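A.B. asks: Experimental coordinates for this protein are included below, preceded by the sequence.
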Amino acid sequence: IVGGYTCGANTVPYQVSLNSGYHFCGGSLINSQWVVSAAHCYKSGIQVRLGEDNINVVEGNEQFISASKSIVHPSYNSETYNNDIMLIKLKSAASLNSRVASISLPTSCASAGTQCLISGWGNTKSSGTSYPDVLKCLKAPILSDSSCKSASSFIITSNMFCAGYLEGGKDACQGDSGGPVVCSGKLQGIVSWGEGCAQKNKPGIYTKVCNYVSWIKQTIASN
Ligand SMILES: [Ca+2]
């Protein structure tokens, strides 16, 4: 997260860190035993870390649980990032509490102009590199598709939306991928891609979760 702020410990209790010896992506807890993240985060050896603030210090509120199964969307296209979404089932149910909490899936989609909260432990610099150890947060509005496409020349699908600030300075970044975009109390986006971070006319691209709620619900029900 670039141009954001320190969330404050466990203030985003649905935020997870995916760890394969180190933090490599974010994710969102959607019930006690399932996390949703981005397909492009897919790898073997995933341990889900819940209740994290400082990802380099055991602070007392963590739960580490290994993934038992990962399910990349059937239609994930790594070339275009279309359908950039993945479900991870935990080996055991997390014990839910105020610092480890699920976030509601949307029943309807969000619209241009709505403010969202984006969070993660990704890069905080627009040029160069600095990785924070505590969770960072950013408030950003959903942009209209046409305004985003016109400004950025990005090639995006109806399964994606743009959020952020065309002037630059505030954006998600490398290492935030897979993490939550929450708008009006619902998980509407997953940090998916962009070009650089926080550059003028290059806003963040986010997987449009509302297009996948049928798939998420049926998949969890069957597994
Ligand atoms: Ca920790």
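C.D. replies: Thanks, I have it. Numbering: from 1, shown residues only.

A.B. asks: Next one: the residue nearest to the spatial centre of the chain from residue 15, what distance?
C.D. replies: The chain has residue 179 as the residue nearest its centroid, 1.7 Å off, counting by C-alpha atoms, centre = their mean. To residue 15, residue 179 is 7 Å away according to C-beta to C-beta, to the nearest Å. (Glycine included, C-beta is placed from N, CA and C.)

A.B. asks: any residues in contact with both of those two?
C.D. replies: Common contact partners of residue 179 and residue 15 (C-beta atoms under 8 Å, 6 or more residues apart in numbering): 26, 27, 28, 119, 120.

A.B. asks: what helix or strand does the fourth one sit in?
C.D. replies: Pointing back at residue 119 there. Per DSSP states H and E: residue 119 is located in strand 115-120.

A.B. asks: Can you name the next helix or strand after that strand?
C.D. replies: According to DSSP H and E, the helix or strand after strand 115-120 is strand 136-141.

A.B. asks: so what secondary structure elements neighbour that following strand?
C.D. replies: strand 5-6, strand 115-120 (3 or more C-beta pairs under 8 Å, 6 or more residues apart in numbering; DSSP states H and E).

A.B. asks: Any buried residues in the longest one, and which?
C.D. replies: Across strand 115-120, burial judged by 16 or more other C-beta atoms under 10 Å covers 116, 117, 118, 119, 120.

A.B. asks: How about stretch 16-25?
C.D. replies: 16, 17, 18, 19, 23, 24, 25.

A.B. asks: Reformat the residues you listed as CSV; add distance to residue 189 and secondary structure.
C.D. replies: Putting these into CSV (distance: C-beta to C-beta, whole Å; DSSP: H, G, I helix; E, B strand; the rest coil) gives the following:
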residue, distance to residue 189, secondary structure
16, 15, strand
17, 18, strand
18, 17, strand
19, 22, strand
23, 20, strand
24, 19, strand
25, 14, strand
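
A.B. asks: Any chance of TSV for the helices and strands packed on strand 136-141, columns distance to the ion?
C.D. replies: TSV is the format used below for those (distance: least, C-beta to the ion, whole Å):
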stretch	distance to the ion
strand 5-6	14
strand 115-120	15
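
A.B. asks: May I see the ones you listed organised as CSV, with distance to residue 104 added?
C.D. replies: Below are the helices and strands packed on strand 136-141 laid out as CSV (distance: least, C-beta to C-beta, whole Å):
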stretch, distance to residue 104
strand 5-6, 24
strand 115-120, 13
